[PDB]
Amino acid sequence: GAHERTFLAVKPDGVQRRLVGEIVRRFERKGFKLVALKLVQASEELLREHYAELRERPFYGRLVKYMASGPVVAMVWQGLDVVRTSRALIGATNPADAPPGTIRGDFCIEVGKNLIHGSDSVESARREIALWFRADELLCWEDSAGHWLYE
């Protein structure tokens, strides 16, 4: 399961507050493999589909508008248990519940400005990756650090 992949996006607040490198560095130092990366301005149409599961929620409309309000950094990361572990590194949805050491615990205050999205499951990750990236934007490369991260 070392080829598992997750979709992460730095939300517009992360770009505006200059935390892109900080966030990328946390996934690098953890040992995951970066397999796709781009800075994009997502359309409302794409974001509506990205957050389809939340269409009934009262914040859906403002969440979509906000995620479209500025650039996001879309990413795919690969490694064993990357989906679950990425969620742990990011921390709870509401930063007030995310402990220090997590991204949201260290860098945010409020649920509407919580810096980053990560897929919530392997199935969501597959859907999100296909939605945001073409297949030719996902790169296979020989990772020399693999020998020192895996048994």
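The first residue of the sequence shown is number 1, and the count goes up from there.
Novice: State which stretch shows the higher mean Cα B factor in the entry: 56-64 or 23-31.
Specialist: Higher mean C-alpha B-factor: 56-64.
Novice: For the higher mean C-alpha B factor in the entry, choose 134-142 or 5-13.
Specialist: According to the entry, 134-142 carries the higher average C-alpha B-factor.
Novice: Check the PDB entry and point out which of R84, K38, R104, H50 has the largest C-alpha temperature factor.
Specialist: Of the options given, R84 has the highest CA B-factor in the PDB entry.
Novice: Would you mind checking where the Cα B-factor of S121 ranks among the modelled residues of its chain, as the lowest, middle or highest third?
Specialist: Its C-alpha B-factor, which the entry lists for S121, ranks in the middle third among residues of this chain.
Novice: Ranking the modelled residues of this chain by C-alpha B-factor as given in the entry, is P100 in the lowest, middle or highest third?
Specialist: Lowest third - that is where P100 ends up once the chain's C-alpha B-factors are sorted.
Novice: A42's Cα B-factor: lowest, middle or highest third of the chain?
Specialist: Tercile = highest for this residue's CA B-factor.
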